[PDB]
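What follows is a single chain, given as structure tokens, in the form deposited without the ligand.
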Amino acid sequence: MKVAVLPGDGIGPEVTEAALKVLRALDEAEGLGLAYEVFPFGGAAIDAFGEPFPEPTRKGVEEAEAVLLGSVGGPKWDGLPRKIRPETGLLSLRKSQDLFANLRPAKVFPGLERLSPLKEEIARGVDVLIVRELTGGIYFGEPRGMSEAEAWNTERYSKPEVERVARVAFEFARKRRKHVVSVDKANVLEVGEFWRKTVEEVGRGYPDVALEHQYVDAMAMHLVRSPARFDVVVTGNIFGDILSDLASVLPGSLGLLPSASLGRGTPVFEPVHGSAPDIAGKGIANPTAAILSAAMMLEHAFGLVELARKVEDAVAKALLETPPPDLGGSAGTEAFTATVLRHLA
């Protein structure tokens, strides 16, 4: 399994390293045949190649079978022209591999219900997966613009854009609890009706999966009032953005949230958290997101479901035994990772 490791900036490096200590342990123990290489990306890349996604890195991604990314961004590279800012490096990553679906899990691990803003009974059992469409939507729709008197943007979606993202959703519900909820606004917008219809059409190919539709505004409050009944949620670009962030507040911390951007090319797995530059190098960063992103990589990129689960349970044990500083504990990056490993052997 050839992995391209793009640590990035800030705490990216130390958390990505934490994940790597887990991968190697797993590798040594069962001979998975792991081969990974670290490439410059984001600010680290700018500081040497003048661009956030240099050619060596670009190739490293194409060659690998999966990408384990860390974090990007930092005040240093915030004065630079947009075309070379760390953030743009990520867009270039996505567009090169044509990643169109952004998987954003939200799971409340047993024992951690106390972290959620919801009462324990409601949080208990949450394990939703928001699948957002990245490439199209009002974020990219033409025409658009503004003058002194008015502004306008266009929410546009084509049949093929909606189909390929719907496929990823049905595909994942199958690995999960066979349930999919398509979120749209078919009661007012044409795009809503076109989205709903297209999802229903793709849905026929997965008779084993229960499909349901919901209006974005209705889904918003549903995710907060009873998120335990949802498995896979699939929606458009802008709606998925709102709903993903909404789902992320459920577990009770961003350090616990991993993610994956799937598409045509190399899968990209990376923690949701930012680069947190002022705590970088201090050794207190919570490696959970990165470790969990490694688990998603094992399962989804390498089909090692059983192995991905082990990592997931070890991490859960660790969170309870030695919670990191952001969970109210004292376990820095190293000590926390040690506890995880102490559950993988």
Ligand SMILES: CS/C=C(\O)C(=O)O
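The first residue of the sequence shown is number 1, and the count goes up from there.
Not on display, but discussed next: the form solved in complex with the ligand.
Within 4.5 Å of the ligand in the deposited bound form, a heavy atom is found for all three of 102, 134 and 259.
Interface membership of residue 107, defined by any non-hydrogen atom within 4.5 Å of the ligand in the deposited bound form, is ruled out. Under a 4.5 angstroms non-hydrogen atom cutoff, the ligand in the deposited bound form lacks residue 164 among its neighbouring residues. Contact check for residue 156: no non-hydrogen atom falls within 4.5 Å of the ligand in the deposited bound form. Proximity of residue 272 to the ligand in the deposited bound form: non-hydrogen atoms within 4.5 Å are present. Note that among 198-206, 143-151, 263-271, 115-123, the stretch whose heavy atoms approach the ligand to within 4.5 Å in the deposited bound form is 263-271.
Taking the ligand as positioned in the deposited bound form, the only residue of 66-96 that brings a heavy atom within 4.5 Å of it is 94.
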